[PDB]
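Residue numbers (PDB author numbering), protein chains in the order written: chain B, 36 to 852, 863 to 1149; chain A, 245 to 273, 280 to 292; chain N, 274 to 315, 360 to 422; chain J, 1 to 67. Where a beta carbon is used, it is the ideal one built from N, C-alpha and C, also for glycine.
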Amino acid sequence: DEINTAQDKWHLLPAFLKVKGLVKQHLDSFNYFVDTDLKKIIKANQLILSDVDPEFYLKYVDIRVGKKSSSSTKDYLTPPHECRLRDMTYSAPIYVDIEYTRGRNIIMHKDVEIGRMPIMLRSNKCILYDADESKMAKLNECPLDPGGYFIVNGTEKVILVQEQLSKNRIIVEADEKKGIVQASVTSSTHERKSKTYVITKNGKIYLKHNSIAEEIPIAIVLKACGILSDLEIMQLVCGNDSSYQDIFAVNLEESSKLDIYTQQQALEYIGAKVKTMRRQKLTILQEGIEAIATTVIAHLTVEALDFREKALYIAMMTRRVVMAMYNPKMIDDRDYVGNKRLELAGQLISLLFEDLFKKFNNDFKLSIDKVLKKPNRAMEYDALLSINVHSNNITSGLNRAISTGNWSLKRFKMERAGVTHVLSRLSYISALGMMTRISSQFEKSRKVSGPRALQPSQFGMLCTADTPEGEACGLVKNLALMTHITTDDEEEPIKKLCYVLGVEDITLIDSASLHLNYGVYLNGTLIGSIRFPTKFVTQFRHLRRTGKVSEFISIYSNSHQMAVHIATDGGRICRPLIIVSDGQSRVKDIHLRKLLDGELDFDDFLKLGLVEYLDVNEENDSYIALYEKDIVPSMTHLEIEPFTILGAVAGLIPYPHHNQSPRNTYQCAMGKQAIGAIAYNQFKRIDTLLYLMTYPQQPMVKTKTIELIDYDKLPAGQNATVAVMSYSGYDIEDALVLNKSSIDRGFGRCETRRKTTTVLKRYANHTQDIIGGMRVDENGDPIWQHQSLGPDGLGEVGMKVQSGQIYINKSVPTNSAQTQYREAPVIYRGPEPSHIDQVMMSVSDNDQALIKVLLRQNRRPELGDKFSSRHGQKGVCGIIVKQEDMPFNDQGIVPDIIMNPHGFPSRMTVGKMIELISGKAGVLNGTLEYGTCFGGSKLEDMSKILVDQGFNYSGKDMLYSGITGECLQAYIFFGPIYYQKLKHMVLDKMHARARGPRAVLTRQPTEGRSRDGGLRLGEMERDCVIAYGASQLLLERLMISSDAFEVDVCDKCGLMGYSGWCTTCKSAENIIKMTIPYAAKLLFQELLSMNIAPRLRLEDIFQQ
Amino acid sequence: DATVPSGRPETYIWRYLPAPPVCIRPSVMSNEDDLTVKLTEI
Amino acid sequence: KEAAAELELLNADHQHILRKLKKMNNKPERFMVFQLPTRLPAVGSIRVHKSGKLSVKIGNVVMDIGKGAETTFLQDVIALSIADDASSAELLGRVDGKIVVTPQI
Amino acid sequence: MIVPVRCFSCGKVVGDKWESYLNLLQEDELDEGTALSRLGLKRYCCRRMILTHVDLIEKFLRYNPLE
RNA sequence: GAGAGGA
Ligand SMILES: [Zn+2]
Ligand SMILES: [Zn+2]
């Protein structure tokens, strides 16, 4: 057989996902962290000193995770599922090297644990690393589980990928609302992060800062930065354009209006208004130099006698500002994807561990100084006790910060909340889509329609259909299939490579000719100017393709400002693309054959320079072909496949290129909450809330994406024989008509598993909690409340429990602050009976009893349950009708679901009709058809198969009415559609209250459903009641049925009294009893607690 | 309005704090609410 | 477009620098400044080809095809020296232009 | 988990055929369509009951707590 | 308390 490139180039994605899986940002980031940043931070804080005893120091020679000394074997870790069940924390010990001196001046070594770092699932440290279907089975781990999430306190917490603006990059925004433009740079070092704005006020360029006083003129700072000629300023900010010099001439005379300046004088002026404080006495000029040396731009530290780099950086910022001034629309959009970076779990954990390690070292040094402060007999033996004392602190802080999601830091004074999310377990696609999720840095973005739009620059980088619809509709995004997040490759070698490539350095180009040719910017800072930019770009790209440099170093050309940018920092989003030479591609139809054979695992494709990683910015310089047949002899890249523009979730949809986009978005939203198979160990798992499908079925119309994410092995749905027809009237608006006698045979049958935990804590008074129970009434036998408890006080496995029906008879001492045991049993408070199927008893690390009881409840598709259609056609079960009262074809098939035909004409889900036809044709032909974005099984072939079997070419059979027994006067769209049952079931949503618990404060009904509370009739509802002009109903609803209080108001001083006693007049003669809402009484008392007196004045209701 | 008592400019300066009833500031599970702590500090 | 203009400019710079090298054969005080890749690959010759093509070599066979640095001017640049901290700073003269070389593929 | 005993739309008893179906794919390897038709599954409801089925219980039984 | 469906 001959390989066809146009239909076999798509096989690179399986290779890409095998070598670089879907969950690779978390895994690779954490592996890089544990392999590099541990030792980096160790060598950073490698020394602790003291004011006394100069011959005493601790040297951290080396650090390892899970590796005691040589060992030759990773230390034994608790398996992840054991940690999940026992509510422990999955972690590995950290062993460091020790170098502690002695009074005899002897250096000795040790290897001691310093803490326990949590281990990300399926990382280089986890035991699941390289486990194949037998080790995973023996460890109760699902082979198809994504990984990348931590197990802390027995909870699956995932560090979501955080998007942010690119650090150390110039972002200029023209606020025309006032005529103001700016040039701020959030330079971010490992220690400092500050914004150096360059605003434009009074047509005059300034430079604000968080460390200087107010609006320093730009000419002065340019003189202080070294460029004092006052004419090189005009040749660095305006070049030779006449229309720019007059714009910038206004602020060039502010270096002489106040007084003429020199470099020292300008430094003194900038340091005079420095708001930064000095902990040691420094001269104003000395501090001012610092204000230019490091304080102005943390990104660039000029630790030399020449500040030309920083001066030219400020000059380029001013040049950009002047360009914006002369003509707007030359600014750069902040929402542009190339201007954003993605920080994964590795970097965040690096920051947290660095903070914790520096705090630990400070505490250890303080303790060492305290112990050694004694003038005599200051022994050094057992100097490593306080380290093991404090080793609890580091691991406790790490686990707590990961679990709670509040990352408290002090070095940067940065506080971020909600970094870690509890891993979602509803379907398989839900748990996979929670991974590879991106959270916007914007808090709310109330009306700003910028960050919430779909930027075209994210084509292939982000899923252009998957986004929490609602209040985060545009803020939260998800990675696509073909997408690799970069990491910091190098910074120093690339400068030497550029200098070899033929760019004159920054200290050898005059300001006059600096704007006459392209200047190459390396990672945002000007390096030099090089003639022939095209030759330089081509040679650098060739060097990158041949493997000389890292594949993630992206070089591109900007012509609006003549520049050749080179980006090397990590966090850039990159995707693979096939390199095409003049006119033709580079796959050459024989590398595909080798790939299919088993060699060239997408890495020899990079080594041989057939494919390359393009980030968002490098795509500006490229011309990309969608298909090989469109390659004109000018394009420089080719798409591997256009259906990778959709994420893992969006791959569920069949024929997504035929639907309307909001339908695809709704499907991406509601496919996570579709009940179905979750994992292979879903029965060995005790989770808070699991929804399971009794008989899950593989979809008929598959997708090339769902084979790669293994959605055909753990599906969530069933192939319902849908008849698209208006039937029974109970399916008007999105409502469905479920078919009885199919629910009976098992269709939509589901299961709900809920865990209940109990901790038998040991109090400080040496008193435990006893689970003793099982009372007996007369003639033996257990009482009704204990009828399903068992002898040991833990509910028998397999029994049935109802309202009441204690299944954990826990008793607690009354003297916790042993005979007096107050009984505090765990009572199943449910509306329907559920069965006990698992009871696990164990202990945690601290040796305290822990009992987890799992209650299973088998649920039937009752009326009012929500079913989706994998196209955004969500609906409720309007009616359940018997089999005979249903249309039937010539063969006697009756539909399982009768979807209304009105869902289509206004939502344009033609993809659903094509799915029905393809599914019917495939099932008649006995094969699974493919509905994939931009392709899939063609309609003509499916219609040919449909007409070969004797069915109509359009899939419209002719049915017989089930209640009159005659033909339906219109042919009925009839065929299998993959319908998925969603978790929003009416059994969990029905809720009613007559009387019950009331709030302690305002004596009003509680709010939730776990507390029997009423429905809030808020401001909008009372306004609606006002509109009808219903006064007695308003009074009854908002006073009588909500909170009524009989108060005693004094007729003289309108203050409420108790028991007919005014307490102020002390007469009880003017007291009058009347009923007002308790909320009003509370308000009156709170006003009287302030210096406000709501004195109620009364008048007779009667007497005319 | 100076016609009635308490209609004086000197009644708007804190000389006596009305301590609200414990019903307004109940103790939860002890764990006193904010107002009790604030007036204890006062 | 860009490639053709770059090639024409490179040919113009080749002929211009050949003329400059021929013209500055007189040696009163004039210099010229070269930029070379570091690491010293190990000399060679600036071998001129037909139709005004210039290339250089080193002891290793390597044809660094890069000619013509910035034509920057209005910056008077002169070269001096240093002699063992004694009476020194002897003015060696000014430079006419600059050449930058680059290894090719 | 396992094959449904009865095909929801019609009622045919499709539970017994599953094993047989597997044999028709393992020994004397037919196509799925011909194997389904040879088992008497004429209506496409019974066909999609067997063809589009995941035998999850095979994977579940790898984690039995009484080995 | 704050993470996220949901209509
Ligand atoms: Zn009174
Ligand atoms: Zn059937």
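The segment 1046-1132 of chain B contains, as complete alpha helix (DSSP H) runs of 4+ residues, the segments 1064-1073, 1076-1080 (chain order).
If you measure from each CB to the nearest heavy atom of ligand 2, the residues under 6 angstroms come out as J:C7, J:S9, J:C10, J:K12, J:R43, J:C45, J:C46. Looking at the backbone, the Cα of B:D910 and that of B:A333 are separated by about 58 angstroms. When DSSP states are grouped into helix, strand and coil, A:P253 belongs to the helix group.
Using a Cβ distance threshold of 9 angstroms, B:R151 and B:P128 count as a contacting pair. The C-alpha of N:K300 is placed about 30 angstroms away from the C-alpha of N:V379.
Using a Cβ-Cβ cut-off of 9 angstroms, N:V412 does not count as an interface residue toward chain B, since no Cβ of chain B sits closer than that to its own. Here the distance from the Cβ of B:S1087 to the nearest heavy atom of ligand 1 is not below 8 angstroms. Annotation: Cβ neighbours of B:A547 in chain N (cutoff 8 angstroms, chain order): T389, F390, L391, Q392.
Burial is judged here by how many other beta carbons sit within 10 angstroms of a residue's own beta carbon; B:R314 has fewer than 16 and is exposed. Taken atom to atom, the span from the alpha-carbon of B:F1019 to that of B:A683 is near 29 angstroms. Listed along the chain, the chain J residues whose CB falls inside 8 angstroms of the CB of B:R780 are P4, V5, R6, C7, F8, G11. For B:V538, the nearest CB of chain N lies under 9 angstroms from its own CB, placing it at the interface with that chain. Cβ-Cβ distances below 8 angstroms link B:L536 to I565, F571, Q574, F575 in the same chain, with the five nearest sequence neighbours on each side left out; the list follows chain order.
The segment 475-487 of chain B makes no contact with the segment 427-446 of chain B: fewer than 3 CB pairs, one atom from each, lie closer than 8 angstroms. Across the structure, N:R364 and N:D381 are spaced so that their CA atoms are roughly 11 angstroms apart. Going by DSSP, B:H425 is part of the alpha helix (DSSP H) stretching over 421-439. Shortest gap from the CB of B:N441 to any heavy atom of ligand 1: 8 angstroms or more. In chain order, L242, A301, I305, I327, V331, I349 place their CB closer than 8 angstroms to the CB of B:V256, counting only its own chain and leaving out the 5 sequence neighbours on each side. Per DSSP, B:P611 is one residue of the beta strand (DSSP E) stretching across 608-614. In this structure, B:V757 sits away from B:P950, with a CB-CB distance that is not shorter than 9 angstroms.
Taking the Cβ of B:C1069 as the reference point, every heavy atom of ligand 1 lies at 8 angstroms or farther away. Annotation note: the segment 46-107 of chain B contains the following uninterrupted alpha helix (DSSP H) runs of length 4 or greater, listed N- to C-terminal: 47-54, 60-67, 73-79. Look at the beta carbons and you see the segment 491-506 of chain B not touching the segment 727-747 of chain B: under three pairs across the two are nearer than 8 angstroms.
For B:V832, no Cβ of chain J is located within less than 9 angstroms of the residue's own Cβ.
Look at B:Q298 here: in three-state DSSP terms it is helix. B:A346 and B:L200 have their C-alpha atoms spaced approximately 24 angstroms apart. At the C-beta level, J:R47 and J:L24 stay beyond 9 angstroms of one another. Closest in C-alpha terms to B:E176, from the list B:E90, B:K236, B:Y279, B:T113, comes B:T113. Following the DSSP letters along the chain, one finds B:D650 inside the beta strand (DSSP E) bounded by residues 646-650.
Relative to ligand 1, the nearest heavy atom lies less than 8 angstroms away from the CB of B:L1100. Distance from the CA of B:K236 to the CA of B:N203, rounded to the nearest whole angstrom, comes to 24 angstroms. When Cβ pairs closer than 8 angstroms are counted between the two stretches, the segment 412-420 of chain N is seen to touch the segment 283-303 of chain N, the count reaching three or more. J:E19 sits exposed, since fewer than 16 C-beta atoms from the chains shown fall within 10 Å of its C-beta. Counting C-beta pairs closer than 8 angstroms gives three or more between the segment 547-555 of chain B and the segment 258-275 of chain B, which meets the contact rule. Runs of beta strand (DSSP E) with 3 or more residues, each lying fully within the segment 759-798 of chain B, are found at 771-774, 785-795, listed in chain order.
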